[PDB]
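Single chain ahead, written as structure tokens, the form deposited in one PDB entry.
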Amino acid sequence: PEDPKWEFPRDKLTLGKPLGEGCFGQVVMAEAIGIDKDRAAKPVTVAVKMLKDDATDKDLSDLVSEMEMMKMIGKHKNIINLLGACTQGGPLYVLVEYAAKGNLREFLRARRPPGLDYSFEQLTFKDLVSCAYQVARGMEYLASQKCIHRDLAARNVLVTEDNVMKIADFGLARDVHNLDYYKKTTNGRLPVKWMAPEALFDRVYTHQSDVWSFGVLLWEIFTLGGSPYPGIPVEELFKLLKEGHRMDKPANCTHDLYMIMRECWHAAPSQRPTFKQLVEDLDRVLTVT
């Protein structure tokens, strides 16, 4: 179906180097001429999501679905924003802002201290708290647009040239304008190590399950992109979650942040803070630093 305000001229777009592939799409760099409606002459670097070479019928509806979620949500400094789409007379391309510094996971990994006898700017504690705050701000806006992410992890935050956090990947994102929750009812491919028990066991999704994931992102930030539950099979995760295991506090983490972290990991969804609260919380910490 047509949507002319979002539609983009195909001949103004030149596809470039791959950025990586996901579940139902692949991403490439591209040049889009006159994407900046204030400098209609000059080519802008954008990202383009399109179907993969082995794409199913469902992949196509999933990608259209993700494009609609973005149009819905609206613009925010801490969310990756929709720029346009070629939807008519050719393969679906979705045009999206390009984050120059990749995803946060690799970002953090790439700037760990090398070691005394090793090598090939530096991050500070305040930098890490800033990242957490920005993400919290974007999730706060996301939640107030009556939408659930369902895939919040360091790999799904992208970092611009200016070190701005941008939430990405509306692959599992769901509109909850109605009931204000989501029930999966079906089996699927799930980011299991980031997911709250109620979501994992009982398949119930809320802003509050997103909060749990955000807790895990916190852990990822302060370990500078550590993997939760490394090489642990799903059955063991289940066991450890049922048993009430929580992750240990990272070295680079203060007590204050570990409390905000554990707070996100209350068994009862209702006992967890909201994104709004989390912003306040991280604002305070950002201040004392």
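Here the rigid core means the biggest group of C-alpha atoms that line up within 1.5 Å when the two forms are laid on top of each other. Numbering starts at 1 and runs along the sequence shown.
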Subject >> Other entries lacking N187, at least a third >> reply: yes
**OP:** Give the stretch, out of 121 to 129 and 102 to 110, with the larger mean C-alpha temperature factor in the deposited entry.
**Re:** 121 to 129
**OP:** Pick between 175 to 183 and 192 to 200: the one whose mean CA B-factor in the entry is higher.
**Re:** 175 to 183
**OP:** Could you tell me which one of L218, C86, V159, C147 shows the highest CA temperature factor in the PDB record?
**Re:** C147
Original post:
Among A55, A47, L63, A41, where is the Cα temperature factor highest, going by the PDB entry?
Top reply: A41
Original post:
Among the chain's modelled residues, which third holds the C-alpha B-factor of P250?
Top reply: middle
**OP:** Comparing against every modelled residue in the chain, figure out the third that the C-alpha B-factor of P91 lands in (lowest, middle or highest).
**Re:** middle
Subject >> Ranked C-alpha temperature factor of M70 among modelled chain residues, by third >> reply: middle
**OP:** Taking the values exactly as deposited, rank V28 by C-alpha B-factor within its chain and report the matching third: lowest, middle or highest.
**Re:** lowest
Original post:
By the record's CA B-factor, is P273 among the lowest, middle or highest third of residues in the chain?
Top reply: lowest
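There is another form of the same protein, the form deposited in another entry; it is not shown, and what comes next is about it.
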Original post:
Core aligned, does the CA of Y258 move at least 2 Å between this form and the one not shown?
Top reply: no
Subject >> Rigid-core frame, C-alpha of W194, shift of 2 angstroms or more between this form and the one not shown >> reply: no
**OP:** Spell out whether the Cα of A100 moves at least 2 Å between this form and the one not shown when the two forms are superposed on their rigid core.
**Re:** no
Original post:
So the Cα-Cα distance between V192 and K183 shifts by 3 Å or more in that other deposited form; is it shorter or longer than what we see here?
Top reply: closer
Original post:
Which way does the C-alpha gap of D175 and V211 go in that other deposited form, closer or farther, given it changes by 3 angstroms or more?
Top reply: farther
